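Report on the structure given below.
Protein chains in written order, with the deposited numbering: chain G, 612 to 651; chain A, 579 to 590, 605 to 626; chain v, 1 to 55.
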């Protein structure tokens, strides 16, 4: 739901990012993509 | 069947397991003499 | 409503459902471990009380 993700591609990517944020604040996304546990 | 004393204080890996060496009867002595 | 918002919210609710399903499995494991520990402690406490009465 931010302009960089729009620049990366599509609006549905913003939809996916917003869905992850509403689910866990992108905790699982950050952990799975980068390997960093935001909320340990 | 609880052998021995039954007072109201006693109420409360792959290998073969052998039964403990426990007998089923105990000796009792009654003395009618003086 | 609209044409795109409905699809967006449907996709989002699908993703949230999956993530929450995983988290629900994790929390169910948590609660099962909690209950097992509580049951063990309660049984030990009961037997301790029985020992004290016998003593």
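We treat Cβ as the ideally placed atom computed from N, Cα and C, and that holds for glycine.
With fewer than 16 neighbouring CB atoms inside 10 Å of its own CB, residue 4(v) falls in the exposed class. Under the 8 Å Cβ criterion, the region 621 to 633 of chain G counts as touching the region 8 to 16 of chain v, having at least three qualifying pairs. For residue 49(v), the enclosing alpha helix (DSSP H) begins and ends at 4 to 54. Chain order gives the chain v residues near residue 627(G) as 11, 12, 15, where near means a beta carbon separation below 9 Å. By the beta-carbon neighbour count (other beta carbons within 10 angstroms, threshold 16), residue 43(v) is exposed. Cβ neighbours of residue 637(G) within its own chain (closer than 6 Å, five residues either side excluded): 631. Annotated three-state conformation of residue 619(G) is helix, per DSSP.
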